[PDB]
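One structure below.
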Amino acid sequence: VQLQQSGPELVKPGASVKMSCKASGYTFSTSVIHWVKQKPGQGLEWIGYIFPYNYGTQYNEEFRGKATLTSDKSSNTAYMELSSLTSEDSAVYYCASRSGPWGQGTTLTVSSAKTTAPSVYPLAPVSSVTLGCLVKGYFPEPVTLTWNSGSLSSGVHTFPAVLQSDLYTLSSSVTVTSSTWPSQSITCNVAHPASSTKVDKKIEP
Amino acid sequence: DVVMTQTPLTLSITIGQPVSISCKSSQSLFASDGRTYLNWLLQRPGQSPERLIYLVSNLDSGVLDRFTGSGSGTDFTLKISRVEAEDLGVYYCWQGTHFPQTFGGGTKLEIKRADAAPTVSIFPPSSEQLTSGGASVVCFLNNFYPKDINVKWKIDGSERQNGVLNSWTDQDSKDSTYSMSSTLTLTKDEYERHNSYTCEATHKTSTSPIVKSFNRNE
Ligand SMILES: O=C(O)c1ccccc1-c1c2ccc(=O)cc-2oc2cc(O)ccc12
């Protein structure tokens with residue numbers, strides 16, 4: 002059994018958002034679903050829970066007028082609606098089953114700022136040869152990074168993004184043997200959901 | 001609200017040694033129905049939490065038998081008989097006896113390995129970035145141990161602190177090492193006015209810096 006959450010969202014302040022959490026046909030219709038908030042580099046905060054059959058809920062007093070927990074029995078889906086969104090609502094939100102599973106999380110960015118497409122640059126070097140990929144100037148978070156569509160994953164270090172100043176930037180390194188590159192092809196594959204961009208950049212000597 | 005105090009704040013342990021994490025509640029977790037609602041979660045780097053233990057001592061499915069949970073009332077304990085690299089992360093206790101439900105602050109578990117030196121790599125601005133009028137110089141300091149490291153950027157014999165954007169990874173389970181990335185952002189022009197670009201790494205493993213350089217005009 003596993004819980005699949007809805008994709009990331011960027012919403013303007015004052016507006017409202019609705020997230021989904023879906024499990025297999027069994028567990029959800031009998032188990033309690035909790036909702037938890039986690040701000041980057043911080044601990045966990047319980048928002049509330051919802052009961053299966055009876056549609057009964059319980060809220061943390063801090064979220065009384067912020068969150069609203071609902072469930073669709075027919076589709077095995079629990080929802081969380083957050084209202085009058087503030088920068089303080091920018092965080093990762095998880096759903097957690099009383100019977101064990103947790104969702105992957107849904108990232109929420111509360112910002113006035115505009116959706117920017119990322120600039121993708123191939124980092125060519127000047134036993135093993137290290138290659139790179141720079142992902143500069145994009146908004147909001149997150150982005151997805153793979154090497155050669157996925158056939159390269161072993162010797163890879165993907166780094167977290169940093170904020171400066173509108174606008175986020177992150178990098179990734181791939182260390183393969185001196186014989187592997189440039190005899191065989193190594194390409195970088197970046198994807199930003201918000202800007203609807205899918206970039207593929209070949210690392211060239 | 002029930003305050004959940006976790007001790008120690010951090011734990012650094014050698015592979016195969018025992019680990020003990022404490023969780024103390026401000027109120028008894030013994031409920032009106034005779035049950036005790038205390039859960040233990042592990043947050044792995046770049047992952048959502050996962051529950052290891054429920055109702056003081058029950059192990060979740062797939063949780064290795066080296067994990068043991070115990071306690072009663074206001075004092076709880078999570079134990080690892082002989083630690084493994086895949087056990088690293090932040091440990092959180094979760095109470096459900098009182099409302100609102102609350103979590104402990106966390107306990108960071110870092111794995112102890114033999115001190116490794118960073119593999120330094122330097123990258124000049126790509127041709128593409130230079131076309132678009134931008135200039136970023138990237139430097140990777142990969143697979144080192146311990147975590148404390150200093151990245152100094154030198155341009156033509158002088159230190160540069162402006163335009164520097166540093167980013168660290170959390171300890172990898174696969175080799176118990178830390179990695180880091182540094183970026184020096186300049187305008188194409190500032191970049192074109194300088195020639196020698198250095199990435200110095202100051203660590204414990206060597207005396208003294210691990211220097212990587214390139215000449216723009218080369
Ligand atoms: O799911 C919860 O509410 C919960 C939160 C923290 C700690 C334990 C629980 C928990 C329960 C809490 C209160 C209650 O009345 C019943 C609970 O039942 C559980 C059953 C589990 O299998 C596993 C866990 C629980």
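The listed protein sequences derive, respectively, from chains A and B. Count the first sequence with the deposited numbering and you get residues 2 to 127, 134 to 212, in order. Residue numbers for the second sequence follow the deposited numbering, so the first one is 1 and each next one is one higher. Backbone N, C-alpha and C define an ideal beta-carbon position, used for all residues, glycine too.
Limits of the beta strand (DSSP E) - the one that residue i falls within
i	result
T131 (chain B)	Unbroken run through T131 (chain B) is the alpha helix (DSSP H), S127 to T131; no beta strand (DSSP E).
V136 (chain A)	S135 to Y145
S61 (chain B)	Note, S61 (chain B): premise wrong, no beta strand (DSSP E); not H, not E.
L86 (chain A)	Unbroken run through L86 (chain A): none, as it is neither H nor E.
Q95 (chain B)	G89 to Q95
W47 (chain A)	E46 to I51
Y197 (chain B)	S196 to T202
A92 (chain A)	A92 to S98
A68 (chain A)	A68 to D73
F30 (chain B)	Per DSSP, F30 (chain B) belongs to no beta strand (DSSP E) and is neither H nor E.
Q39 (chain A)	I34 to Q39
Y175 (chain A)	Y175 to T184
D75 (chain B)	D75 to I80
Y122 (chain A)	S120 to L124
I13 (chain B)	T10 to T14
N39 (chain B)	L38 to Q43
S22 (chain B)	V19 to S25
Opening and closing residue of the alpha helix (DSSP H) in which residue i lies
i	result
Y191 (chain B)	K188 to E192
Minimum Cβ-Cβ distance from residue i to chain A less than 9 Å
i	result
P125 (chain B)	yes
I122 (chain B)	yes
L64 (chain B)	no
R51 (chain B)	yes
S25 (chain B)	no
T183 (chain B)	yes
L109 (chain B)	no
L41 (chain B)	yes
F214 (chain B)	yes
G69 (chain B)	no
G104 (chain B)	yes
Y191 (chain B)	no
heavy atom of ligand 1 below 8 Å from residue i C-beta
i	result
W168 (chain B)	no
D1 (chain B)	no
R65 (chain A)	no
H35 (chain A)	yes
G96 (chain B)	yes
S176 (chain B)	no
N39 (chain B)	yes
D115 (chain B)	no
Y95 (chain A)	no
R82 (chain B)	no
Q101 (chain B)	yes
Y60 (chain A)	no
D75 (chain B)	no
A168 (chain A)	no
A198 (chain A)	no
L55 (chain B)	yes
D87 (chain B)	no
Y197 (chain B)	no
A79 (chain A)	no
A24 (chain A)	no
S72 (chain A)	no
Closer than 9 Å to chain B by CB, residue i
i	result
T194 (chain A)	no
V150 (chain A)	no
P123 (chain A)	yes
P126 (chain A)	yes
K143 (chain A)	yes
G49 (chain A)	yes
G66 (chain A)	no
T176 (chain A)	yes
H199 (chain A)	no
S180 (chain A)	yes
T137 (chain A)	yes
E62 (chain A)	yes
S21 (chain A)	no
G57 (chain A)	no
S120 (chain A)	yes
Closer than 8 Å: residue i CB and nearest ligand 2 heavy atom
i	result
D172 (chain B)	Ligands displayed in this structure: ligand 1; ligand 2 is not among them.
Chain-ordered residues of the stretch 154-171 of chain B with a beta carbon less than 8 Å from chain A: Considering only beta carbons, the part of the stretch 154-171 of chain B lying closer than 8 Å to chain A consists of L165, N166, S167, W168 and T169, in chain order.
In chain order, each alpha helix (DSSP H) run of at least 4 residues that lies wholly inside the stretch 111-168 of chain B: 127-131, all fully within the stretch 111-168 of chain B.
Contacting positions in the stretch 72-102 of chain B - beta carbon closer than 9 Å to chain A: The stretch 72-102 of chain B vs chain A, Cβ under 9 Å: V90, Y92, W94, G96, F99, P100, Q101 and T102.
Contact list for the stretch 128-145 of chain B against chain A, Cβ threshold 9 Å: Residues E128, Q129, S132, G134, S136, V138, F140, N142 and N143.
Interface residues of the stretch 74-103 of chain A facing chain B [CB-CB below 7 Å]: Hits within the stretch, in order: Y95, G101 and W103.
Cβ-based contacts, 7 Å cut-off: residues of the stretch 154-167 of chain A near chain B: From the stretch 154-167 of chain A, only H164, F166 and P167 have a Cβ closer than 7 Å to chain B.
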